[PDB]
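Heads up: the structure comes next, in structure tokens.
Computed over heavy atoms, backbone and side chain alike; hydrogens, waters and symmetry mates excluded. We count ligands from 1, going down the list as the structure has it; atoms in each ligand are counted the same way. In what follows, every chain begins at residue 1, and chains take the letters A, B, ... in the order their sequences are listed.
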Amino acid sequence: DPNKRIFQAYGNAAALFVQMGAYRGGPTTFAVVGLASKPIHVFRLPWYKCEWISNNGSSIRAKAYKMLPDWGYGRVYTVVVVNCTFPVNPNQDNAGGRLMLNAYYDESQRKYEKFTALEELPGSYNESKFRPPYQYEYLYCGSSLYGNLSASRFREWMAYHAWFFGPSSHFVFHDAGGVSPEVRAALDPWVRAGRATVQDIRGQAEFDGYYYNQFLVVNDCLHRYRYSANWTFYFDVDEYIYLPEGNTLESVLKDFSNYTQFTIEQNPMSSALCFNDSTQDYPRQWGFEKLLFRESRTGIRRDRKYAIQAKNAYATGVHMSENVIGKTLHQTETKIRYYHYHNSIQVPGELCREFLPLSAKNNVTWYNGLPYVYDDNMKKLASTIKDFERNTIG
Amino acid sequence: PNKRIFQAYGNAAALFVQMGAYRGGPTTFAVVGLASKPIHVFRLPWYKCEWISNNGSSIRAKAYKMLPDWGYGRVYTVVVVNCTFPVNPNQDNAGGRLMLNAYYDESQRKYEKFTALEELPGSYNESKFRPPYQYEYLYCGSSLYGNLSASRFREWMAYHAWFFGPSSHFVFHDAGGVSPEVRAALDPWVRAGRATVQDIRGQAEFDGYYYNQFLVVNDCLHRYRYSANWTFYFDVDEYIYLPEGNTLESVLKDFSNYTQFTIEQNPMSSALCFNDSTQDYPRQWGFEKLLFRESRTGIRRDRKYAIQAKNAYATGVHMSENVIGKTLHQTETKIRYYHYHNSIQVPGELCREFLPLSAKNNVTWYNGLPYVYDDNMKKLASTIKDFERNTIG
Ligand SMILES: *[C@@H]1O[C@H](CO)[C@@H](O[C@@H]2O[C@H](CO)[C@@H](O[C@@H]3O[C@H](CO[C@H]4O[C@H](CO)[C@@H](O)[C@H](O)[C@@H]4O)[C@@H](O)[C@H](O[C@H]4O[C@H](CO)[C@@H](O)[C@H](O)[C@@H]4O[C@H]4O[C@H](CO)[C@@H](O)[C@H](O)[C@@H]4O[C@H]4O[C@H](CO)[C@@H](O)[C@H](O)[C@@H]4O)[C@@H]3O)[C@H](O)[C@H]2NC(C)=O)[C@H](O)[C@H]1NC(C)=O
Ligand SMILES: *[C@@H]1O[C@H](CO)[C@@H](O[C@@H]2O[C@H](CO)[C@@H](O[C@@H]3O[C@H](CO[C@H]4O[C@H](CO)[C@@H](O)[C@H](O)[C@@H]4O)[C@@H](O)[C@H](O[C@H]4O[C@H](CO)[C@@H](O)[C@H](O)[C@@H]4O[C@H]4O[C@H](CO)[C@@H](O)[C@H](O)[C@@H]4O[C@H]4O[C@H](CO)[C@@H](O)[C@H](O)[C@@H]4O)[C@@H]3O)[C@H](O)[C@H]2NC(C)=O)[C@H](O)[C@H]1NC(C)=O
Ligand SMILES: *[C@@H]1O[C@H](CO)[C@@H](O[C@@H]2O[C@H](CO)[C@@H](O)[C@H](O)[C@H]2NC(C)=O)[C@H](O)[C@H]1NC(C)=O
Ligand SMILES: *[C@@H]1O[C@H](CO)[C@@H](O[C@@H]2O[C@H](CO)[C@@H](O)[C@H](O)[C@H]2NC(C)=O)[C@H](O)[C@H]1NC(C)=O
Ligand SMILES: *[C@@H]1O[C@H](CO)[C@@H](O)[C@H](O)[C@H]1NC(C)=O
Ligand SMILES: *[C@@H]1O[C@H](CO)[C@@H](O)[C@H](O)[C@H]1NC(C)=O
Ligand SMILES: *[C@@H]1O[C@H](CO)[C@@H](O)[C@H](O)[C@H]1NC(C)=O
Ligand SMILES: *[C@@H]1O[C@H](CO)[C@@H](O)[C@H](O)[C@H]1NC(C)=O
Ligand SMILES: *[C@@H]1O[C@H](CO)[C@@H](O)[C@H](O)[C@H]1NC(C)=O
Ligand SMILES: *[C@@H]1O[C@H](CO)[C@@H](O)[C@H](O)[C@H]1NC(C)=O
């Protein structure tokens, strides 16, 4: 009795699997996006198995594999995309069923977790969703927004990009606390117009600090709207897509047709450098109308953003996808870029804070040990965007 | 609708896995178990200790931890939680239980609180932390697993019951290795009150997720902290040997002013024996048989140790790094141990590579290593066999 030793475990320092979303990505294939506890030492094979349980008890086994697109180190959890693919539509009949997932600890699979990842009710399967035409031409997948964010910037970003991507475009935001009541009011005209979706992901709080927030959202957004549009764009609300003179959005995407994804080089802008000029009413100018100074360094590599055809994507990361079918284009510099106003969206008050002489229009200005040049490309569109906003939401 | 849900499933790593909670003195306790390490989150304190007495009151204790194993490569790390009070929280002997809080990190507010141990009213007996103690020496064995040979256990128990004398006890930890054959070999010693075979077969739930040997040494350390003057740590394929001119009492007297000392190794072949028909190897014991010692010089070799548990807080598998007092390694002339590597899990006759009688005086190269003749243990076989028949029959 006393020599019958017992090992009493307490607490749960890491779940095996945390599901954020589960989506059908075609007549034949599904994706489960979430978090996983990585194995240590013990060999884990398989990580998962997928089954479809039709509503009359019959089960069809699926070919399952996973992708771990985040850094892989430094956090309790790693973002995981579980790809379940069947030989035929397991719900071809449309009688309904359930995609079930098995999650394993080690190859000595005594213990495992089985759960329903999603249910399709009888008659709800709809093959016309994976056939053209799709809901939108373009879809913006937003980052996870947290902190003290400026409503005025959201107002200006939405107006600019609602114009940039045209009427057949939708915008998906992920609210992790950053969407203030004031930011929400800025998005409200577009929400009410059916153009913007604001997802509440404030329930992620109990996991904050235990995984990489941006890698989860990009992959969930990738599969939640996999067939909603033809091109999914990934960038932040302090970043503005721009087409150099002599290009349309349809022109550039047509030149990029035969590529599954393409990257977009950055035009880094100062969020503080403005002209010393009592002529200008900076409190009444928009961000990209005021911040006209671009860091001028040549031949230095900077962070990039990207657009992707989710049809041919299985997972993705923050700056591009590593899990696609098809080619990847990077030579995009002459035809599409994005202006980046770093550390602008969290700034209260006037963004204009370091004021330069009018001499700086034609000379190189040194600020924070970096060279800058005048660039008014975006300021030239401020008038066009403001009319568009008035003509679209009043 | 758009209110996203995060559905968690499973438990891939508990926060704390207790194996044993122990009173280490009038003022202090220890909780030995496993812990999940924090990953990029600040965890401080890891634990808090509280004594809820049957009197009603509740006194907090100073709590600190020790992580004596490698600290990486496994889901869990072995932990010894040390709870010390300014006064015996049960001087009243009114009873009470030692509560232990375990925390995930500073960010999260809730934690895990459980009963590490409970002391019924009138069970505390201070005289158990003062001499005389139950035994003079105690042996703390390893986690026993695999297909183990019962004949080796019998030879080992017979030798070390003689080596350590009558006031000695032997603690074995059965994690699967104590077959019915092995158990029968130990049964004469168990029935005589000289050996304890703990059942730690419940360890299989966590097999592969922590360092087996590090957990057992630390639970044995505190489980029998004041049971003996000295606690010896080594395996059943290892035999403590005293170069002639030294007795156990003699050596331990020279070492008294040291809290622990390490013991160098004499590596033996578990396969090499003489090509000699006058030898009846099926009727010879292991150390009576395997007479060839690996002879390389200046080579870093594993060591074993003995420790005065009363002044130890945690330990490892080759020595402790959490003690008060000196540590001694210059022991090479006075005490050693013969190590018969990969012998215990071998079925059948150990003698398997047979050498000419010439090998008594030359170096023998086997598997690329040099070996020499060494009959120091064989000389004692008759003594051990006489002691066995005169002790267990
Ligand atoms: C889980 O993982 C599994 C894999 O482990 C995923 O399943 C894979 O998904 C892939 C993407 O959906 C899929 O690849 C696509 O298959 C389509 C169907 O092809 C069928 O026919 C061919 C024979 O012709 C068969 O061999 C094949 O097996 C199928 O039966 C193809 O149509 C797709 O091809 C297009 O993209 C590739 C990528 O480079 C091109 O090479 C190809 O030429 C096609 O390119 C056209 O379309 C792209 C845009 O998609 C344009 O950029 C390009 O310029 C072409 O555009 C013209 O043509 C289209 C019409 O096709 C037209 O609309 C357009 O306007 C232009 O005129 C592609 O090959 C894999 O087969 C599939 N694998 C398996 C085993 O199932 C699963 O999705 C994952 N699940 C989740 C949830 O992530
Ligand atoms: C949790 O953690 C806490 C703290 O982190 C742990 O608490 C600490 O535990 C220590 C070890 O148990 C303890 O230290 C010991 O205290 C003993 C009692 O001290 C009382 O007596 C001394 C006088 O002897 C007073 O000064 C003191 O104020 C107390 O009243 C001491 O007896 C121990 O001293 C001996 O060991 C040290 C370390 O080597 C020597 O330096 C010292 O000289 C003593 O050495 C003699 O004994 C050892 C064997 O014990 C011999 O090796 C040595 O050669 C000497 O032997 C002669 O003398 C002894 C007399 O005992 C005689 O029997 C023998 O035959 C020889 O003639 C030691 O110092 C800390 O005080 C204590 N701290 C606190 C804050 O509580 C707690 O244990 C942890 N919990 C668990 C479960 O692990
Ligand atoms: C997404 O792209 C597809 C493929 O380019 C579009 O479908 C094609 O549209 C053109 C022009 O209307 C037709 O000539 C082709 O026959 C269509 N192809 C197929 C396979 O149907 C589709 O219109 C785009 N989706 C949206 C919402 O604009
Ligand atoms: C544990 O060690 C102590 C310290 O040497 C032993 O107690 C001493 O024994 C001698 C000889 O009998 C006495 O003269 C001393 O007075 C004892 N010391 C104390 C503090 O009482 C003790 O015998 C050892 N334990 C066992 C079981 O042998
Ligand atoms: C939001 O504001 C508070 C105080 O104004 C600040 O402590 C907090 O850090 C801000 N959020 C972020 C993400 O910086
Ligand atoms: C279109 O993309 C495919 C990759 O799926 C590639 O093999 C093919 O060469 C591309 N077509 C052209 C004209 O480059
Ligand atoms: C609990 O025991 C302690 C120690 O004797 C004492 O100080 C305290 O008064 C006791 N509590 C009660 C409620 O009597
Ligand atoms: C115990 O024996 C069985 C077969 O006899 C074997 O499969 C197993 O591996 C053995 N144990 C070890 C530790 O080798
Ligand atoms: C052992 O002894 C026998 C009998 O002398 C001999 O035939 C044999 O070659 C010796 N060596 C080995 C390896 O068996
Ligand atoms: C006895 O041990 C103490 C440490 O507890 C040490 O300071 C002292 O030097 C030792 N005695 C001798 C003679 O080395």
Side-chain angles (χ1 to χ4, degrees), chain A residues 143-150 175-180 182-183 205 208-209 213 343-349, chain B residues 20-33 47 49-66 68 79-98 100 116-117 119 121 124 126 128-133 136 217-231 249 252-261 306-315 320-328:
Chain A
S143 68
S144 147
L145 317 169
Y146 53 81
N148 349 104
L149 309 183
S150 148
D175 175 26
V179 177
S180 63
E182 316 101 50
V183 167
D208 222 310
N213 297 85
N343 299 122
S344 75
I345 204 94
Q346 295 92 346
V347 162
Chain B
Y22 304 110
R23 175 185 263 278
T27 172
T28 187
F29 310 74
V31 189
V32 183
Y47 312 100
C49 311
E50 268 98 44
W51 177 268
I52 321 169
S53 166
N54 299 124
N55 76 337
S57 187
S58 96
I59 173 151
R60 256 201 56 250
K62 190 238 199 213
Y64 77 91
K65 56 146 178 31
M66 293 163 279
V79 59
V80 183
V81 191
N82 173 299
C83 315
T84 300
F85 295 74
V87 49
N88 183 322
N90 161 306
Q91 62 215 122
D92 47 310
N93 225 321
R97 49 200 218 281
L98 177 79
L100 195 54
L117 81 79
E119 298 201 327
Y124 174 60
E126 211 140 329
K128 289 324 119 186
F129 305 112
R130 59 119 187 164
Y133 305 136
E136 185 77 50
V217 295
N218 281 278
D219 166 85
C220 204
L221 184 80
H222 288 283
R223 188 174 187 89
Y224 309 97
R225 195 179 187 208
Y226 279 89
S227 310
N229 293 110
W230 281 93
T231 302
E249 292 167 86
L252 285 140
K253 162 47 208 143
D254 310 342
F255 297 4
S256 36
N257 167 247
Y258 292 100
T259 291
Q260 82 178 324
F261 63 88
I307 189 152
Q308 299 187 243
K310 65 175 59 54
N311 287 332
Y313 320 136
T315 196
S320 175
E321 301 281 2
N322 300 95
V323 305
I324 182 163
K326 304 165 103 109
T327 298
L328 172 53

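In this structure, atom 41 (O) of ligand 2 is not in close contact with the protein, since no protein heavy atom lies within 4.0 Å of it. Protein heavy atoms are absent from the 4.0 Å sphere centred on atom 9 (O) of ligand 7. Per-atom contact check: atom 11 (C) of ligand 2 touches the protein, criterion being a heavy-atom distance below 4.0 Å. Distance screen at 4.0 Å: atom 38 (C) of ligand 2 has a protein heavy-atom neighbour inside the cut-off. For atom 65 (O) of ligand 2, no protein heavy-atom neighbour is found at a distance under 4.0 Å. Distance check on atom 32 (O) of ligand 2: every protein heavy atom falls at or beyond the 4.0 Å cut-off. In this structure, atom 1 (C) of ligand 2 has a protein heavy-atom contact shorter than 4.0 Å. For atom 47 (O) of ligand 2, no protein heavy-atom neighbour is found at a distance under 4.0 Å. For atom 52 (O) of ligand 2, the nearest protein heavy atom is under 4.0 Å away.
Closest approach of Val32(B) to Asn218(B), counting heavy atoms only: CG2-O, 3.6 Å. Heavy-atom minimum distance, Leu117(B) versus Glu119(B): CD1-CG, 3.4 Å. The nearest pair of heavy atoms linking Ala63(B) to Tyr47(B) is CB-O, 3.9 Å.
Within the 4.5 Å cutoff, the side chain of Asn148(A) has no heavy atoms near those of the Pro348(A) side chain. At a threshold of 4.5 Å between non-hydrogen side-chain atoms, the residues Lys253(B) and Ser256(B) count as touching. In this structure, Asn229(B) and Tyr133(B) have side chains that are in contact, with non-hydrogen atoms separated by less than 4.5 Å. With a 4.5 Å cut-off on side-chain heavy atoms, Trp51(B) and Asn90(B) count as touching.
Between the side chain of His222(B) and the backbone N or O of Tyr313(B) there is at least one donor-acceptor pair closer than 3.5 Å. Looking at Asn88(B), its side chain does come within 3.5 Å of a backbone N or O of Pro26(B) through a donor-acceptor pair. A donor-acceptor pair under 3.5 Å is absent between the side-chain atoms of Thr27(B) and the main chain of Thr84(B), judged by distance alone. Side-chain atoms of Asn54(B) come within 3.5 Å of backbone atoms of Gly96(B) as a donor-acceptor pair (strictly under, hydrogens ignored). Side-chain atoms of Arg225(B) come within 3.5 Å of backbone atoms of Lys310(B) as a donor-acceptor pair (strictly under, hydrogens ignored). The main-chain N or O of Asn322(B) is found under 3.5 Å from a side-chain atom of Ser320(B) such that the two form a donor-acceptor pair.
Atoms of ligand 2 lying under 4.0 Å from at least one heavy atom of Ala30(B), given by number and element, are 82 (C). With ligand atoms numbered from 1 in the order given, ligand 2 contributes 39 (O) to contacts under 4.0 Å with heavy atoms of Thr259(B). If you number the atoms of ligand 2 from 1 as listed, the ones under 4.0 Å from a heavy atom of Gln308(B) come out as 49 (C), 52 (O). Interface of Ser256(B) with ligand 2, defined as ligand atoms under 4.0 Å from a residue heavy atom, comprises 51 (C), 52 (O), 54 (O). Heavy-atom contacts of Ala312(B) reach the following atoms of ligand 2: 83 (O) (cutoff under 4.0 Å). For ligand 2, the atoms closer than 4.0 angstrom to any heavy atom of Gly24(B) are 82 (C). Taking every heavy atom of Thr84(B) and a limit of under 4.0 angstrom, the matching atoms of ligand 2 come to 1 (C), 2 (O), 3 (C). Close approach to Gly147(A) involves these atoms of ligand 5, each under 4.0 Å from a residue heavy atom: 11 (N), 13 (C). Distances below 4.0 Å separate heavy atoms of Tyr64(B) from the following atoms of ligand 2: 1 (C), 2 (O), 5 (O).
In the displayed structure, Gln91(B) atom CD is contacted under 6.0 Å by more than 12 heavy atoms of other residues, nucleotides or ligands. Other residues, nucleotides and ligands place no more than 12 heavy atoms under 6.0 Å from the OH atom of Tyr146(A).
Given atom 5 (O) of ligand 7, the protein heavy atom at minimum distance is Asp92(B) CB, 4.7 Å. In terms of protein heavy atoms, atom 3 (C) of ligand 5 is closest to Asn148(A) ND2, 3.6 Å. Among protein heavy atoms, atom 4 (C) of ligand 7 sits closest to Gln91(B) OE1, 4.4 Å. Scanning all protein heavy atoms for the shortest distance to atom 72 (C) of ligand 2 gives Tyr313(B) OH, 4.9 Å. Looking only at protein heavy atoms, the nearest one to atom 69 (O) of ligand 2 is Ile324(B) CD1, 4.1 Å. In this structure, atom 79 (C) of ligand 2 lies nearest to the protein heavy atom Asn82(B) ND2, 2.5 Å. The shortest contact between atom 83 (O) of ligand 2 and any protein heavy atom is with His222(B) CE1, 3.1 Å. The protein heavy-atom contact nearest to atom 81 (C) of ligand 2 is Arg225(B) NH1, 3.3 Å. Nearest protein heavy-atom neighbour of atom 54 (O) of ligand 2: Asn257(B) CA, 3.3 Å. Of the protein's heavy atoms, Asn311(B) ND2, 3.3 Å lies nearest to atom 50 (O) of ligand 2.
Distances between N or O atoms of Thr27(B) and those of ligand 2 include no value under 3.5 Å. For a threshold of 3.5 Å applied to N or O pairs, the pair formed by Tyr146(A) and ligand 5 contains no separation below that value. Residue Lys310(B) has at least one N or O atom closer than 3.5 Å to an N or O atom of ligand 2. The N/O atoms of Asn55(B), backbone and side chain alike, include one that comes under 3.5 Å of an N/O atom in ligand 7.
Of the residues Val347(A), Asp175(A), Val183(A), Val179(A), the one that meets the side-chain contact (heavy atoms from CB on, under 4.5 Å) test with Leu149(A) is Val183(A).
With hydrogens and angles left out, the side-chain atoms of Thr327(B) and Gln260(B) include a donor and acceptor closer than 3.5 Å.
Cation-pi contact between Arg23(B) and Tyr124(B): present, with separation from the ring centre below 6.0 Å and deviation from the ring axis of at most 45°.
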